[PDB]
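Protein chains in written order, with the authors' numbering: chain A, 3 to 203, 210 to 265; chain B, 3 to 265; chain C, 5 to 265; chain D, 4 to 265.
Worksheet: the structure to be examined is printed underneath.
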Amino acid sequence: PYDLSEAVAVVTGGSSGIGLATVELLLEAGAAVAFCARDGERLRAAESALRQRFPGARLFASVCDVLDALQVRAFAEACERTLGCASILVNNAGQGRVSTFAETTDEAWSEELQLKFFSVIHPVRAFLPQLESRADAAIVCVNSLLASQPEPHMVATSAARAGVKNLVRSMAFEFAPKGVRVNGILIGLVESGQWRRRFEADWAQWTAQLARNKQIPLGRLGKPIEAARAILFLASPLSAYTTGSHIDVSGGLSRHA
Amino acid sequence: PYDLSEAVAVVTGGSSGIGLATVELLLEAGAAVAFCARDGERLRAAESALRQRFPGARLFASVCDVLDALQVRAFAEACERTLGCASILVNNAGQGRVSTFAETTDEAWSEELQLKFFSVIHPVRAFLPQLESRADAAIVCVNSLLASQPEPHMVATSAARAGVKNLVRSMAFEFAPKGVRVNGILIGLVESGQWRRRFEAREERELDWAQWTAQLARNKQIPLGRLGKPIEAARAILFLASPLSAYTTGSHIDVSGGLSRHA
Amino acid sequence: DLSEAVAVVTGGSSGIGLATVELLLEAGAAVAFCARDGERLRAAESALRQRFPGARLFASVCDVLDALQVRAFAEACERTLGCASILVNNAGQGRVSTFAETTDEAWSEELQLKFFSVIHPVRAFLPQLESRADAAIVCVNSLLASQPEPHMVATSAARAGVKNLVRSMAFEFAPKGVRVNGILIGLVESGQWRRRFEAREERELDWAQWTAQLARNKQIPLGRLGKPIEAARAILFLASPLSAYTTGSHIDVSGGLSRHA
Amino acid sequence: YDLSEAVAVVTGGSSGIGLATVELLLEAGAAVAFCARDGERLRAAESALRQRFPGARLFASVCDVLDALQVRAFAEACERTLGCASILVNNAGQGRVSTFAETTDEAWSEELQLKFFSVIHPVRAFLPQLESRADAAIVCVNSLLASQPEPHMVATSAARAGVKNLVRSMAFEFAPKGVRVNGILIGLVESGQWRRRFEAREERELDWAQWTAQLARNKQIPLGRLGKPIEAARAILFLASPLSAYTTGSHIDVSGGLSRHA
Ligand SMILES: [Cl-]
Ligand SMILES: [Cl-]
Ligand SMILES: [Cl-]
């Protein structure tokens with residue numbers, strides 16, 4: 003249904019979860035794909051499985067911490083050298099934080115904002131010149147419903163996310179004259195390492217309880233792949249008239265009309 | 003997953019514009035599609051063209067007034083009889099209305115309100131028994147950015163469309179336990195009979211369709227610098243109607259080419 | 005304060021409507037109000053004249069769903085109190101129903117009541133408002149407009165339409181100096197809540213205690229029901245020159261119910 | 004507005020909206036403390052205020068709100084001098100003009116730090132006081148940029164959004180201890196910036212009043228003029244006072260009709 007064989011897609015934080023699910027979806031659409039992450043071994047393992055599942059795959063995997071501008075510049079340039087100028091950028095890297103206002107220190111605030119903001123600023127700034135040389139150029143920033151609907155034990159992440167949402171609109175407006183669309187998704191509760199971590203403190213039942221307590225209308229946790237599909241629609245020419253917007257991937261958690 | 007071969011999709015107002023492009027994308031995904039519309043001739047013509055393009059397609063088209071409760075109940079009956087119980091429903095908004103507040107009589111207010119609300123309430127109420135008996139059931143209501151960002155010459159339509167946007171959120175929550183997801187799209191300026199007619203009545207005679215629409219898009223400050231295409235709107239609807247949006251309910255997709263100023 | 009103002013309050017014989025009239029008279033404004041029940045209209049009228057001696061007060065039976073009545077009410081206000089500078093639209097109730105429970109008739113009824121209770125008085129009173137200084141319209145509304153609730157489907161929808169209409173009127177009327185804003189009430193103390201308290205099973209909590217636990221149970225952060233006077237104070241702010249750079253907006257009077265940032 | 008029983012703290016109170024807020028609180032009979040970075044600016048302001056309000060209970064101290072210890076000492080000084088604080092108002096430092104392309108990492112960090120800590124520090128320092136008082140309320144001054152960004156205010160818009168989100172979380176968290184929290188969203192308000200821009204205009208023929216009217220039309224402000232600090236101050240006062248006793252986790256629009264959102 004979606005044919006991205008012409009595309010060169012970059013995914014930051016692509017070695018697991020939503021990022022990996024996104025990379026998988028991209029290879030399947032025949033796109034040349036590049037992904038980065040900090041952990042080299044998980045990165046190469048993921049890389050091997052990908053090449054397995056997708057024999058022809060044009061795939062480039064590189065260690066890179068998006069918090070380091072210098073690393074991001076080098077990653078962008080190595081991407082261009084290996085696959086050509088990027089046409090798609092998915093900023094996924096990120097790690098939520100559990101804290102009330104009372105529990106969040108200045109140090110934790112700074113860390114939270116720096117992570118949520120620069121994991122988007124760095125890759126966008128380093129790859130924009132490649133994006134703006136390509137047709138069907140699109141950026142997708144992964145975000146959470148917290149950005150528009152805060153939760154009590156996610157005070158700092160919710161506020162940082164809000165900033166990043168606002169930034170997506172600004173980037174959409176700024177880049178539109180150069181042909182680059184910019185959107186994001188707002189995930190709800192999605193199965194993750196963290197949620198299996200908590201479980202260890210059947211699984212498909214302890215989660216059902218969680219979704220029931222969390223009042224998720226669809227009555228289950230989200231799947232990484234589902235987040236990936238919204239990303240894919242937004243990254244692809246299927247949404248060519250959509251920019252400066254978000255797709256809700258929360259299972260009906262947004263109380264707002 | 004854009005393999006909708008086992009889906010039964012219903013599109014109200016599907017003989018033209020966004021409705022028609024949605025039907026095409028549905029047939030193309032292999033779904034069995036039913037659609038209705040008022041103009042019989044328009045409906046028939048679009049029907050035969052669809053069958054040429056999609057040989058072997060399971061397609062049921064019937065003249066229907068969605069504002070008429072009884073007609074809609076009958077059209078739902080024929081749909082289940084003809085294709086089987088619906089799994090997807092797409093309510094394709096009637097039309098807009100150009101009017102400031104000062105220019106909107108009581109009669110125009112009523113007419114606008116009833117159109118936007120009942121064009122959704124009737125099909126939904128009628129097909130709900132069907133949608134709720136299926137798996138992967140979804141409803142998409144076609145709406146406009148006017149719903150959350152009003153425009154001066156579209157006062158009544160914006161207000162009516164806000165109501166429907168709100169109702170979409172309610173239906174999603176209410177139908178959730180039964181497996182039926184409910185979303186909308188929010189179109190911007192999208193090529194249509196209205197813009198086509200507006201281009202016929204234009205003052206700038208020197209300009210052709212291509213030039214006039216670009217001038218219009220610039221004048222409207224559309225960041226993407228052009229009017230939307232019905233197929234683009236149809237594509238967002240297809241995503242929301244399909245299992246690809248399986249964890250998305252009570253929401254909307256923006257199809258306005260960057261017109262929404264809200265963050 | 006508002007002694008130079010002519011304030012009209014549609015639906016002003018009880019609840020938030022009456023509370024707004026009370027505040028307006030207190031601010032020293034000439035005040036007009038309408039409602040359907042003449043008996044209650046006049047009882048309210050009679051109490052207010054006592055409470056506010058020498059008050060410039062005009063009260064009249066009017067169904068806001070009837071254009072010609074609203075028109076007659078507007079003409080009468082001008083003859084009696086002079087040209088209107090402030091308009092508060094309050095008329096209308098809430099309807100309890102799921103989507104399933106809501107008939108076509110009920111939908112039509114709700115849409116009619118919510119919309120025309122605003123459209124009619126605004127249209128009838130605009131010419132007065134647009135010849136006055138410091139002219140303002142306030143449309144009473146509910147958080148339901150942006151955050152619908154399950155057993156209030158039809159009302160939530162019509163309220164959202166009216167909310168969107170407030171934005172359009174603000175933008176439309178601003179060249180002629182008329183500001184337009186609304187409020188979004190949460191759970192407010194009504195005779196209907198008094199009803200339930202009276203028949204509590206079979207607690208020893210007084211009104212304030214029972215209402216407090218009810219609020220916790222409805223997860224209102226502020227931990228109690230809203231009082232008509234609190235809605236009225238926001239209306240007063242929005243009606244008055246104190247909010248002269250505020251148009252096309254809403255003030256949240258829900259006690260913290262809005263989940264949206 | 005009888006706030007004679009109130010003790011109100013205004014960070015950023017030496018000029019603009021902050022000073023208009025300080026004046027309104029004082030007219031309302033409240034004990035008032037404010038802080039600022041420029042000593043000379045703060046002193047001049049403090050002095051003028053005393054001449055205006057003879058006998059006022061007024062404390063003013065230089066303080067960098069980005070410095071947690073200065074803020075802490077300031078909060079100590081406020082309590083010892085005026086008594087426990089019951090009202091806190093956090094005035095937005097200022098806006099930064101640049102596009103995304105124009106914003107360096109450094110600019111991004113200071114912009115985020117400024118907007119976030121200018122709220123985080125005073126809240127955390129004063130909260131123990133606020134929760135000791137009835138009718139306690141916090142107001143955070145913000146901009147419409149938080150929900151409706153503008154192209155030459157990219158970093159500030161995003162930082163404003165973060166802070167608007169935070170206001171919702173703080174109202175929910177502090178609600179149990181009786182402290183309400185809200186903000187305001189200013190549009191274009193007369194200020195040093197605009198006076199500066201007026202001073203460097205092409206059309207010298209236009210004076211201040213004519214120029215801002217034209218500017219207002221150009222910016223498509225429905226009310227057709229720039230706001231005045233006193234207008235922002237009046238909305239902050241409403242939100243700070245018992246008049247808004249059932250309002251928390253919210254914002255009041257003070258943009259003159261610039262919000263396109265219904
Ligand atoms: Cl998160
Ligand atoms: Cl209601
Ligand atoms: Cl600003």
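Built from N, CA and C at the ideal position, the CB exists for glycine as well.
Rounded to the nearest whole angstrom, the CA to CA distance from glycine 181/B to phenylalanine 103/B is 40 Å. Nearest CB-CB separation between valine 10/A and chain B: not below the 8 Å threshold.
Interface residue (Cβ-Cβ distance to chain A less than 8 Å): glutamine 151/C is classified as such. With respect to chain B, the C-beta atom of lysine 180/C has no partner C-beta closer than 8 Å. Bounds of the alpha helix (DSSP H) holding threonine 84/D are 71-85.
Residue pairing by DSSP places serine 101/A opposite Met156/A in a beta bridge. At a Cβ-Cβ threshold of 8 Å, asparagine 145/B and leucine 188/B count as neighbours.
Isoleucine 224/A carries a coil assignment under DSSP once its states are collapsed to helix, strand and coil. Taking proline 3/A as reference, the option from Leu22/A, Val10/A, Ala128/A, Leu28/A with the minimal CA-CA separation is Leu28/A.
Under the criterion of beta carbons closer than 8 Å, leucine 147/A and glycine 190/A qualify as touching, at roughly 5 Å.
The beta carbon of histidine 155/A does not come within 8 Å of any beta carbon belonging to chain C, so the residue lies off that interface. Per the DSSP secondary-structure output, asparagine 145/A pairs in a beta bridge with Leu188/A.
Using a Cβ-Cβ distance cut-off of 8 Å, the segment 237-245 of chain D and the segment 210-228 of chain D are not in contact, since fewer than three pairs of beta carbons, one from each stretch, lie closer than that value. Of all C-beta pairs linking the segment 147-161 of chain C to the segment 199-210 of chain C, fewer than three are shorter than 8 Å, placing the two stretches out of contact. In the three-state reduction of the DSSP assignment, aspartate 41/C falls in the coil class, being assigned neither a helical nor a strand state. Cβ neighbours of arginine 183/D within its own chain (closer than 6 Å, five residues either side excluded): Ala140, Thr251.
Classified as buried, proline 152/A has 16 or more neighbouring CB atoms from the shown chains inside 10 Å of its CB. Those residues of the segment 123-150 of chain C placed with their C-beta closer than 9 Å to a C-beta in chain B are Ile123, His124, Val126, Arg127, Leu130, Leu148, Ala149, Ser150, ordered along the chain.
Counted as a single uninterrupted DSSP element, the alpha helix (DSSP H) harbouring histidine 124/A occupies residues 108-133. Ligand 3 approaches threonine 159/D closely enough that one of its heavy atoms is under 7 Å from the residue's Cβ. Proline 179/C has its alpha-carbon roughly 15 Å from the corresponding atom of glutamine 132/C. As DSSP reads the structure, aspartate 256/A sits in a beta bridge with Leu188/A.
Residue side-chain check: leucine 148/D places its Cβ nearer than 7 Å to a non-hydrogen atom of ligand 3. In this structure, the alpha-carbon of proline 232/C lies about 45 Å from that of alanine 238/A. With its beta carbon less than 8 Å from one in chain A, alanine 265/C belongs to the interface. For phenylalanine 62/D, the enclosing beta strand (DSSP E) begins and ends at 61-65. The three-state reading of DSSP puts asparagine 93/D in strand, counting E and B together. In its chain, beyond the 5 residues on either side, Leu147, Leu188, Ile189, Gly190 have a beta carbon closer than 7 Å to the beta carbon of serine 258/A. Between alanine 63/B and the set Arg75/B, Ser50/B, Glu193/B, the nearest pair of CA atoms involves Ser50/B. Per the DSSP secondary-structure output, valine 170/A pairs with nothing in a beta bridge.
Using a Cβ-Cβ cut-off of 8 Å, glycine 252/B counts as an interface residue toward chain A, since at least one Cβ of chain A sits closer than that to its own. The shortest C-alpha to C-alpha distance from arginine 55/C to any of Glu79/C, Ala39/C, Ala23/C, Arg40/C is the one to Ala23/C. Each of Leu45/B, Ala33/B, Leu91/B, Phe119/B was checked against the Cα of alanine 71/B, and the nearest Cα belongs to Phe119/B. Chain C has a Cβ within less than 8 Å of the Cβ of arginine 171/D. With at least 16 other beta carbons inside 10 angstroms of its own, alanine 48/B counts as buried.
If you look at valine 25/D, you'll find it in the alpha helix (DSSP H) that goes 19-30.
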